[PDB]
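Just so it is clear, A, B, C, D and E label the chains in written order, and each chain counts residues from 1 on its own.
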């Protein structure tokens, strides 16, 4: 079997891109094929709430946005190198799900 | 202090009252009085009301059970620990009650043996 | 808003009265010239009922109430 | 509402063997899955704890709808000497090093 | 009364089945995305949870 999908996600795009470059460079340094970083659409969680803690005042709202950036990367490689690369002490703020399909 | 059947009945009744079920009301006490699983409780000697003691003695002798009598049951009732608020209020409980199963088979002592020997002879 | 306004209603009405008693003796079947119990009455072969509880007769409603079920033969 | 003694004795024993109790309890409902097996109404436990605080033997902290207790030597000694539960049971607040 | 009259019909779903997970307040709750706070507690903690004012 040579079908492995790794899901990368984070709120911060800097860490996401750095860890994606880490994974791609780790895959390509050793003789191995790897797909490009599929870039899934960003999810914009929107919540609007009145600023005031009471009923008085002009109706001014707060629009809190929360951006979730997620990527999927394919891998045709033995599971050993995948497990070694996954345990590379990734940067904080990034959630990773390595799936062996 | 001095070893006696009274000084052991005090401890036995205290254990059977405080621990393993408590019935300061009518239920779980009369609900255990009609189930005939009470063996030793705080009684009085030279009873001036012999009906209940005669009935309980007959019922116990039916299944070879006996009882130990100690006079002045008011002191016994005050000595079962229920002397609330130092001495203010003075709750009225002159007689004790024994719950189901005096002692388990996992814990051993020499207190149940003398009770059994007194029941038999 | 305004308060409950439930203090001045229900005139010439009294609460339901429940008798104050000291002992539960006559509640059970006690007609044996001594108040004792006989072995002729059957015991229910089920686990949901307490062993201590025994059948009793009341000229009204029933000796029950938590489950609100009449236990009489009827 | 029911006021037993041995249920509270079991709650005290679990508190001593743990330090904190883990059983969500609701005053409105008699049983909750965490509350079960320790069937004492929340109100009983927190009223007893408020009486305890008015007396004073134990430490506590509060955060986001949750209590976090700390049983020190005073509470261990008090539960030891009142309920005559012998020290054959070792407290769980001093495990390891 | 304690367990005899109540609990004889489905009523586990009303507004009283919810409260702010920070202050146990039942008014102005936020159910969206499941963080389950009131308006003001969420406004207080938005920076920490991850909601930042950009719009």
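By definition in this document, contacts are C-beta pairs under 8 Å (C-beta built on N, C-alpha and C of every residue); 3 or more make two chains touch, one makes a residue touch a chain.
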Inset, instruction - Could you find the chain whose CA centre sits the greatest distance from that of subunit B? - result: A
Inset, instruction - Return the chain pair with more inter-chain C-beta contacts, choosing between A-E and D-E. - result: A-E
Inset, instruction - Report the chain closest to the protein's overall CA mean, measuring from each chain's own CA mean. - result: D
Inset, instruction - Calculate how many whole Å lie between the centre of subunit A and the centre of subunit C, each centre taken as the average of the chain's C-alpha atoms. - result: 68
Inset, instruction - With chain centres taken as the means of their Cα atoms, state the distance from subunit B to subunit C in Å. - result: 29
Inset, instruction - Starting from the mean Cα coordinates of subunit C and subunit E, work out the distance between those two points in Å. - result: 44
Legend entry - subunit D: positions in contact with at least two other chains: none
Inset, instruction - Name the residues of subunit A that each touch 2 or more other chains. - result: none
Inset, instruction - Note which residues of subunit A are touching subunit E in the complex, please. - result: 11, 45-47, 49-51, 53, 62-66
Legend entry - Residue ranges of subunit E in contact with subunit A within the complex: 30, 32-33, 39-40, 42-43, 46, 50-55
Legend entry - In the complex with subunit E, residue positions of subunit D that touch it: 1, 29-30, 64-65
Inset, instruction - Under the touch definition given earlier, write down the residues of subunit C that touch subunit B in their complex. - result: 23-24, 28, 34, 36-37, 50-54
Legend entry - Of subunit B, residues touching subunit C in the complex: 26-28, 30-32, 34-35, 55
